[PDB]
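Take a look at this single chain in structure tokens; it is the form deposited without the named molecule.
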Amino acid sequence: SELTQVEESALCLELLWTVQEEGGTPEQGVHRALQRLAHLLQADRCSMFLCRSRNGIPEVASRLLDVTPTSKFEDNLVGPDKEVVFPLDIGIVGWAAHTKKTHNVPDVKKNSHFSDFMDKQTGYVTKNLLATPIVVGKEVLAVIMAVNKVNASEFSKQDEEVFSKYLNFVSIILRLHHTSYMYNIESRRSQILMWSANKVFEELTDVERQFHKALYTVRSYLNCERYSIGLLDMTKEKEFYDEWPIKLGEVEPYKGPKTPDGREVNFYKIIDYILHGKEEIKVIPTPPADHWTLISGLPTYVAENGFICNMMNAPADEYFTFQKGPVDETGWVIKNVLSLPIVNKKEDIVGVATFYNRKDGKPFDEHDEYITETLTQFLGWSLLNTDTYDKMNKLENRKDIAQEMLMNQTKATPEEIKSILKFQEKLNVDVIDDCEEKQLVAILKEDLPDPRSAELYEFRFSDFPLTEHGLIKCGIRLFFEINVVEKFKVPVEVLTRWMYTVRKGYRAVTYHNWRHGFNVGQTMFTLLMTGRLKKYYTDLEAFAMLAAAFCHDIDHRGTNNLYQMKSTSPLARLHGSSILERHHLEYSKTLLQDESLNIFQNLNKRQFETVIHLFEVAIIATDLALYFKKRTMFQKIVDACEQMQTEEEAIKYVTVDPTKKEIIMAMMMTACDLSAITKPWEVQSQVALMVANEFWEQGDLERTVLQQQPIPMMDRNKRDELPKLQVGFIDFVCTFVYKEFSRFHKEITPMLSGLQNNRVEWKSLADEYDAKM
């Protein structure tokens, strides 16, 4: 038997070499192994039945039948269309796969596990059987059988030993093929997830576009001949006027298919992907019940129950009434179907994805269900991106509506403009404005207050004997005074509407109302003109600087930045640093965006960029922390400018560096913002009382809603500390600005002088308080 062992070893070696031929199939190697085992144990019609798992239940199917020595492989192979499928609970094969052990039955009639369906199918008689499952990794791959020993009535142990020895190598070849197949499956799954993530995060879009992108991209990896997706209507509740006939009994209530959460099964859109030929893709909005996807009840069943339906030989089913013949005029017959639901976060059914027969003839295994379930889970999760897209659209529309309503409320009506630009009482012209611009300029310049009167040019100006309409008129006069309306050809009616809207934007708070904004604008005007600082800036810069000074405190609520941070205001969440200053800048630019309010309407684009940048610098500069940070740099600039003995050379030193101009502008806006401390004693006393009252209201409100103890500056109970505290404000904040501006320019000397006078008076009240104790 030396030759026998040599031949057996050589044959097993060749059987193992057959796995190395690339482009072949493992079934060829299994077939040659089966023909050699039969030759070895003297048997006929050796068979291999593969094992599959569909719908979570395992089954066996025919892969190799009637294997005999010297038999053609192509004839012994069984195609997917002729295979016979047995559940595990029926047949000897099913029990062999269930037990995962060797089963040798000598007399098949003595076993209740016998199934004669194959005996009747081909008219073959079976009397002896030896079956073994191929189990690696606690999973069954195939069941191998030898049947009807020709020269004996029984399979002995030695036969079973040879059986085990050869299907050890068969198990090796099946393990190799299975590992390759599972690697391919996981590669396809990872590619599907990768591409779906690429397409979902590409753009924020609706359900239809996003799902179409993802599905058309993973098209190559579904490996199906044809598939479709039908989206349900997600409208859960009806309108009242559509519910009236239901509640009146006029129209009978609905009876039919219903989604599990309670909605009506209404496929409102179908997207068909044809892949068998021409790669056609169709979108059916409001598809009929005659649609080939919906002709069977499977998509409606999935919408009604949320199951995953794997069907092999679909037209043979009696429940769903699938199409037995071709679906379309082109020849395509539905063979295997896999339908899965797409599920929202709240477990609602959003769509139904249906995948039709595979590219190869094989049915849908458990791995195809795995891949398609991962895809549907990914789509159900990307539904959050779709919902966020819709919520963003609603928020943007609501913000636009609110801003338009607010602009309509804030903007000056034509009647309010008519109270300043009296076009009719002076030109006898109707409401429609066909007047020349120069005529409007001429008749406005006669109704505005005299700049030389009312001390608009002086630092001692007090707005107390002026009403707020007078303040608007004076501000338009100030804009006329720096000679920018004619130079930059801005419209007069636009300027009047802009200033009236700016006045209306200031709230009715105690101190930060429209009078504060006008006082700061007027102080900017006096610093430019009386203070001789206009020599450092062009006319456009003065225009933007005055316009920024007037709007520096627009829409002030009477609470400082600390209250915005502590109360977690929407302003604090939108703007991180310089909360109120950024709010004022944003609202001023929003006012400038409207064409009827755009005071910078007729200037160049570069001029507009410069004006916007100057607006930002000037408005943000009113944050006192920024002033405390850049005061040293201003001091260094002033020290450098002091040493030059020629005015022109100092002007040249400042002008050629835009950074120096911006620094000087920021402290000019800071000096304007604190100008009330430089007013005469009565004006300063009244304004300081107003400021203290506003701070006390903020402190009381802070204590009421924030449950926090206010600082003594904002605390009402420390009102008798108002004098002494005031001198600290004089000694800590304002004195640096006004001393450096007096050093820089002698014409700003009166401001500081006024401050010093106030420092006397607030001392006289302070010492008296120490005498009161």
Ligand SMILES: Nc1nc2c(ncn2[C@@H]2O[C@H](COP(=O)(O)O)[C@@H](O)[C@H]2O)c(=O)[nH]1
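The first residue of the shown sequence is 1; numbering continues from there.
Here the subject shifts to the form deposited with the named molecule bound, a form of this protein not shown in this document.
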### Task
Select, from the options 549 to 557, 226 to 234, 442 to 450, 189 to 197, the stretch whose residues sit within 4.5 angstroms of the named molecule in the deposited bound form by heavy atom distance.
549 to 557
### Task
Look up in the deposited bound form whether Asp673 has a non-hydrogen atom within 4.5 angstroms of the named molecule, and give yes or no.
yes
### Task
Using the partner position in the deposited bound form, report whether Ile677 sits within 4.5 Å of the named molecule, counting heavy atoms only.
yes
### Query
Are any of the heavy atoms in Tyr653 no more than 4.5 Å from a heavy atom of the named molecule in the deposited bound form?
no
### Message
Does any part of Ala61 reach within 4.5 Å of the named molecule in the deposited bound form? Heavy atoms only, please.
### Response
no
### Task
Find the only residue in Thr622, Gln210, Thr293, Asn357 having a heavy atom within 4.5 Å of the named molecule in the deposited bound form.
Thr622
### Summary
The listed residue (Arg503, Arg497, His516, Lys149) that reaches within 4.5 Å of the named molecule in the deposited bound form by any heavy atom is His516
### Residues within stretch 504 to 518 having a non-hydrogen atom within 4.5 Å of the named molecule in the deposited bound form
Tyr511, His512, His516
